[PDB]
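Trainee: test case, fold it:
(one chain, ligands or ions: 1)
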Amino acid sequence: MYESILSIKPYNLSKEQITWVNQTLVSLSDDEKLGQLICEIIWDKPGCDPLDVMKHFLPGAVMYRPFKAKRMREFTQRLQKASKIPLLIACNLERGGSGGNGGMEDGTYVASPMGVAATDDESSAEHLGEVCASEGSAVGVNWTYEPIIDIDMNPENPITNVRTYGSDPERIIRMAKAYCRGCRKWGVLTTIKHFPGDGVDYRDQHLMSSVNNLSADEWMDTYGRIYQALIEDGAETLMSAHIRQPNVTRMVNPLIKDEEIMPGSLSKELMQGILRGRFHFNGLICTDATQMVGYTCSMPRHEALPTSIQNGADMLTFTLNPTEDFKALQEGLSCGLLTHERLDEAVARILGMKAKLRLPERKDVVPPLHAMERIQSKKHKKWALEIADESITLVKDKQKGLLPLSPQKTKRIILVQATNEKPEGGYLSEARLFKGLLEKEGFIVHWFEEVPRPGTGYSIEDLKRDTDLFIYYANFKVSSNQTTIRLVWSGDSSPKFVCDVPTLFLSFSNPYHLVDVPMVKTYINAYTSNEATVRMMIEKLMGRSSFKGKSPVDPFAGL
Ligand SMILES: *[C@H]1O[C@H](CO)[C@@H](O)[C@H](O)[C@H]1F
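Mentor: Residues are numbered from 1 along each chain as shown. Now the structure:
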């Protein structure tokens, strides 16, 4: 059975592969089928054993948090050889081998997706995807939870922002298809997220069930257009997140009551009515992480877990208390919250992706050790430099004669770090590098914290005697469970003397900082805070490299 699913896009399995899926399915107990539904998270901290993911059930997949590539490779061998059914092994490879709170600790940090989008060259996104999948597959990853095809409509949203390809649906489609092309070259499944679409609300689904409140027609013309394009392009998997679309839900079910409207991860109207029905998506649907507030607050958990599967999800991403969660699935199956027929259909789509990857027939469980040499390879580092060269964007340049910088125009610089990270020693490694590279050019550079500021004992004339230029290094990065990535001062260090001392503002992440420093006359978006982008920033400030980036978003955010 299931030939109508498994023989067509995005599965395209052969007769013999479908026979393996069916024979395997029939051989599984209900407990084993329920376990296939679960992806378990894995971390590398002493006292934590990866095989703990198998103490309470036999999972269908795992996801690696960021730890070292060599440990990931060892974990893959241990996990797979201990598993009767091969595992899907997922990773949040968002920005290359490393970067963005996902990936691996020591992979290549290429760029944020928005930095890639600023190049306006889809080859940049293809290269991004190649790095992610090339470095991931070397250590055993076969599933990247990317690309993000959210639209960065709302500039106050803290969980979209540089994780997106910006606010233009046509560019999102171009870039996401290219990212997927790069991944398929290395045998890694992709995941379009976050369905039904982040970026309309200004709130984080990590902390609540956020709401895409476009009209049904508006949603269909934007998010629906993007999802349809990636589905037709062959997207293998899709992540249903803890976001509501009430107006689309009511289009499917006009009589639904407000309290019955569920987020994507729990919604039959969105997963079965829209995705399976209207869009004929035939790939694997997984939930976003189930311990997040957007999920937990929407429904009692014991009902929610089987209901997600019944309503169209094939896989639950992560457990809270694993004994309790598995018991909830067992009881949901026995009492009819989850049907045996829907259980078999979910597991068929899980096993089908394992057969698509040819995991059952793989003699070795990881590639040869030789494959590890791709990680931080010269090719990958080179692509990161090219993308930085093409991405950095001169947004506002209303300071006559400021650029290019020269020690003979502005010898003494005060460097002002602004960030929501908490690096040991107070200063970001990348800002230290930037400071050192300015000094190499011949500038004298002090941190804001090292020199006096105007006050009862120090005047603005003193400041002007001691300071020729202020430079701001702003890195307000996305991170789960933040309600803002707005500029926060750590407010005397803000650009409060722009008419008395020339001030230059550099953002290495959030592209909307003109919201909080509108007085600034020269403003540059770099989208990514890594070594490659810092070095290329220096080249461009000194006038040895042109500014080539094009804003993939409106950096002024409506003035
Ligand atoms: C929910 O969690 C999953 C697994 O880490 C991420 O891929 C999604 O971006 C997040 F929304």
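
Trainee: interface residues of this protein facing the ligand?
Mentor: 92, 145, 193-194, 241, 288-289, 317 (C-beta under 6 Å from any ligand atom). Yep, even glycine has a C-beta here, placed from its N, CA and C like the rest.

Trainee: mind doing that once more with 5 Å?
Mentor: Proximity of the chain to the ligand, by C-beta under 5 Å from any ligand atom, involves residues 145, 288-289.

Trainee: turn those residues into TSV, including neighbour count and secondary structure.
Mentor: Written out in TSV, the entries for the residues of the chain next to the ligand read as follows (neighbours: other C-beta atoms under 10 Å; DSSP: H, G, I helix; E, B strand; the rest coil):
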residue	neighbour count	secondary structure
145	25	coil
288	24	coil
289	24	coil
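
Trainee: point to the residue nearest the middle of the chain.
Mentor: residue 94 (4.7 Å; C-alpha atoms, centre = their mean).

Trainee: assign the closest residue to that residue other than its chain neighbours to helix, strand or coil.
Mentor: Nearest non-adjacent residue to residue 94, counting by C-beta to C-beta, 6 or more residues apart in numbering: residue 100, 4.1 Å away. Under the three-state scheme (DSSP: H, G, I helix; E, B strand; the rest coil), the conformation of residue 100 reads as coil.

Trainee: quick one: residue 100 and residue 425, what's the gap?
Mentor: Applying C-beta to C-beta, to the nearest Å, one obtains 23 Å for the distance of residue 100 from residue 425.

Trainee: neighbour-wise, which of these two wins?
Mentor: Using other C-beta atoms under 10 Å as the criterion, residue 100 and residue 425 rank with residue 100 on top: 22 against 7.

Trainee: roughly how far apart are the more buried one and residue 311?
Mentor: Between residue 100 and residue 311 the distance is 30 Å, computed by C-beta to C-beta.

Trainee: over to residue 101?
Mentor: With distances defined as C-beta to C-beta, the gap from residue 101 to residue 311 amounts to 29 Å.

Trainee: for those two, indicate the residue with more neighbours.
Mentor: With neighbours defined as other C-beta under 10 Å, residue 101 and residue 311 compare such that residue 311 has more, 22 against 15.

Trainee: which residue packs closest to the more buried one, ignoring adjacent ones?
Mentor: In space, not counting the residues next to it along the chain, residue 311 is nearest to residue 268; the distance is 3.9 Å by C-beta to C-beta, 6+ apart.

Trainee: verify the contact between that neighbour and residue 309 for me.
Mentor: No: assessed by C-beta atoms under 8 Å, residue 268 is found out of contact with residue 309, at 11.1 Å.

Trainee: hmm, back to that, for the residue nearest to residue 311, give me its contacts.
Mentor: With contact taken as C-beta atoms under 8 Å, 6 or more residues apart in numbering, residue 268 is in contact with 262, 310-312.

Trainee: out of these, which are buried?
Mentor: Neighbour-count burial (16 or more other C-beta atoms under 10 Å) is assigned, among those, to 262, 310-312.

Trainee: a markdown table for these, including secondary structure?
Mentor: Formatted as a markdown table, the entries for the buried ones among the contacts of residue 268 read as follows, by three-state DSSP:
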| residue | secondary structure |
| --- | --- |
| 262 | coil |
| 310 | helix |
| 311 | coil |
| 312 | coil |
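
Trainee: of these, which is the nearest to residue 237?
Mentor: Here the nearest of the buried ones among the contacts of residue 268 to residue 237, counting by C-beta to C-beta, is residue 312; it sits at 13.3 Å.

Trainee: buried ones in stretch 230-250?
Mentor: 230-231, 233, 235-250.

Trainee: in three-state terms, label residue 130 for me.
Mentor: Residue 130 carries the three-state label helix when classified by three-state DSSP.

Trainee: report the buried residues of stretch 10-17.
Mentor: Of the residues in stretch 10-17, those with enough neighbours to count as buried (16+ other C-beta under 10 Å) are 10-11, 13, 17.

Trainee: quick check: the residue of the stretch 301-450 of the chain nearest the ligand.
Mentor: When distances are taken as C-beta to the nearest ligand atom, the stretch 301-450 of the chain reaches nearest to the ligand at residue 317, 5.5 Å away.

Trainee: what is the neighbour count of that residue?
Mentor: Neighbours around residue 317, by other C-beta under 10 Å: 26.

Trainee: next one: phi and psi at residue 479?
Mentor: Backbone geometry at residue 479, expressed as degrees, to the nearest 10, gives phi -160, psi 140.

Trainee: give the contact list for it.
Mentor: Remark: with contacts taken as C-beta under 8 Å, 6+ apart, residue 479 is in contact with 101, 420.

Trainee: distance of it relative to residue 532?
Mentor: Residue 479 sits 21 Å away from residue 532, taking C-beta to C-beta as the criterion.

Trainee: who does residue 523 bridge with?
Mentor: Following DSSP bridges, residue 523 is listed with bridge partners residue 396, residue 505.

Trainee: that one contacts residue 505, doesn't it?
Mentor: Yes: the pair formed by residue 523 and residue 505 meets the contact definition of C-beta under 8 Å, at 4.9 Å.

Trainee: find the closest residue to the ligand in the stretch 101-250 of the chain.
Mentor: Checked against the ligand (C-beta to the nearest ligand atom), the nearest residue in the stretch 101-250 of the chain is residue 145, 3.7 Å away.

Trainee: in space, what's closest to that residue - neighbours in sequence excluded?
Mentor: Here the nearest residue to residue 145 in space, its sequence neighbours aside, is residue 191; by C-beta to C-beta, 6+ apart that works out to 4.6 Å.

Trainee: tell me how far the one you found lies from residue 493.
Mentor: Counting by C-beta to C-beta, the gap from residue 191 to residue 493 is 40 Å.

Trainee: in terms of neighbours, single out the busier of those two.
Mentor: Counted by other C-beta under 10 Å, residue 191 and residue 493 do not tie: residue 191 has more neighbours, with 25 against 16.

Trainee: go ahead and confirm the more buried one touches residue 146.
Mentor: Yes: applying C-beta under 8 Å, one finds residue 191 in contact with residue 146, separated by 6.2 Å.

Trainee: and the protein, what are its domains?
Mentor: With curated CATH domains serving as the domain definition, the record reports that the chain contains domains spanning 1-392, 393-559.

Trainee: ok, the residue in the chain sticking out farthest from the centre - contacts?
Mentor: Most distant from the centre of the chain: residue 457, at 47.7 Å, with distances by C-alpha atoms, centre = their mean. For residue 457, no residue meets the contact criterion (C-beta under 8 Å, 6+ apart).

Trainee: just how off-centre is the helix or strand hosting residue 382 within its chain?
Mentor: When elements are defined using DSSP states H and E, residue 382 is found to belong to helix 378-391. Remark: helix 378-391 is offset 19 Å from the chain centroid, using C-alpha atoms, centre = their mean, to the nearest Å.

Trainee: so which elements touch that helix?
Mentor: Taking 3 or more C-beta pairs under 8 Å, 6 or more residues apart in numbering; DSSP states H and E as contact, the helices and strands that helix 378-391 lies on are helix 113-119, helix 122-138, helix 531-541.

Trainee: possible to save the ones you listed as a markdown table with mean neighbour count?
Mentor: Putting these into a markdown table (neighbours: other C-beta atoms under 10 Å) gives the following:
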| stretch | mean neighbour count |
| --- | --- |
| helix 113-119 | 31 |
| helix 122-138 | 26 |
| helix 531-541 | 21 |
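
Trainee: residue 412 touches residue 465, doesn't it?
Mentor: No: with contacts defined as C-beta under 8 Å, residue 412 does not count as touching residue 465, sitting 9.2 Å away.

Trainee: neighbour count for these two, which is higher?
Mentor: With other C-beta under 10 Å as the criterion, residue 412 and residue 465 differ in neighbour count, and residue 412 comes out ahead with 15 against 10.

Trainee: any idea how far residue 242 is from the more buried one?
Mentor: Going from residue 412 to residue 242 by C-beta to C-beta gives 50 Å.

Trainee: and what of residue 464?
Mentor: Noted for residue 464: a distance of 52 Å to residue 242, by C-beta to C-beta.
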